[PDB]
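S.K.: To start, I am sharing the structure in question, which I have written as structure tokens.
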Amino acid sequence: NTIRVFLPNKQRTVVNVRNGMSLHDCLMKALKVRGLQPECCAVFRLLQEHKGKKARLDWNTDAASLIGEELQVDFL
């Protein structure tokens, strides 16, 4: 039961997001671990069978419910 949040540039990371670990907690962590920032980084959900572009995502979704899929983040 874990979600796969891909770091910026092109990385695949996944951690335990139970209880209600919103994207703000999982991202603010890997975000401070690298010394980045939310004002410059944006969240994106895996392309749910669309044209060819990542889908947007709010900054408060529940990762404990999105587990199984993979979230992505880059510089907006």
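Starting from 1 in every chain, residues are counted up; chains themselves are A, B, ... following the order of the structure tokens, and ligands are numbered from 1 as listed.
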When DSSP works through the backbone of this structure, what residues of chain A end up as strand (DSSP E or B), shown as an MDAnalysis selection string?
M.R.: chainID A and resid 2:6 13:16 22 41:45 55:56 62 67 69:75
S.K.: List as a list in words the protein and nucleic acid residues near range 37-45 of chain A, meaning an atom at most 6 Å away when only C-alpha atoms are counted, but skip any in the same chain fewer than 2 places from it.
M.R.: residues 55, 56, 57, 71, 72, 73, 74, 75 and 76 of chain A
S.K.: How would the residues just picked look written out with N, CA and C atoms as a CSV table (one decimal), in the first residue's frame?
M.R.:
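Saved the output as selection25.csv:
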chain,number,residue,atom,x,y,z
A,55,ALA,N,-1.5,14.8,-16.3
A,55,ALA,CA,-2.7,15.5,-15.8
A,55,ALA,C,-2.4,16.3,-14.6
A,56,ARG,N,-3.1,17.4,-14.4
A,56,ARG,CA,-2.8,18.3,-13.2
A,56,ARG,C,-3.4,17.7,-11.9
A,57,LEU,N,-2.9,18.2,-10.8
A,57,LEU,CA,-3.4,17.6,-9.5
A,57,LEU,C,-3.4,18.6,-8.4
A,71,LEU,N,2.3,9.2,-9.0
A,71,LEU,CA,2.2,10.7,-9.2
A,71,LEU,C,3.5,11.3,-9.7
A,72,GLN,N,3.4,12.4,-10.3
A,72,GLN,CA,4.7,13.0,-10.8
A,72,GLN,C,4.8,14.5,-10.5
A,73,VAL,N,6.0,15.1,-10.4
A,73,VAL,CA,6.1,16.5,-10.0
A,73,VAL,C,7.3,17.1,-10.8
A,74,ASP,N,7.1,18.4,-11.2
A,74,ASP,CA,8.2,19.0,-12.0
A,74,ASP,C,8.1,20.6,-11.8
A,75,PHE,N,8.9,21.3,-12.5
A,75,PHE,CA,9.0,22.8,-12.3
A,75,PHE,C,7.9,23.4,-13.1
A,76,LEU,N,6.8,24.0,-12.5
A,76,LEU,CA,5.7,24.6,-13.3
A,76,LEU,C,6.3,25.9,-14.0
S.K.: Output as a list in words all residues of chain A that backbone DSSP marks as helix (DSSP H, G or I).
M.R.: residues 23, 24, 25, 26, 27, 28, 29, 30, 31, 32, 33, 34, 63, 64, 65 and 66 of chain A
S.K.: How many Å separate CA of residue 52 in chain A from CA of residue 22 in chain A?
M.R.: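 Separating CA of residue 52 in chain A from CA of residue 22 in chain A is a distance of 25.9 Å.
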S.K.: Find the distance between CA of residue 30 in chain A and CA of residue 13 in chain A and write it in Å to one decimal.
M.R.: 9.4 Å
S.K.: For CA of residue 18 in chain A and CA of residue 60 in chain A, quote the distance in Å rounded to one decimal.
M.R.: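 One can read the CA of residue 18 in chain A to CA of residue 60 in chain A distance as 14.4 Å.
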S.K.: Taking only C-alpha atoms into account, which of A:33, A:23, A:47, A:7 comes nearest residue 61 in chain A?
M.R.: A:23
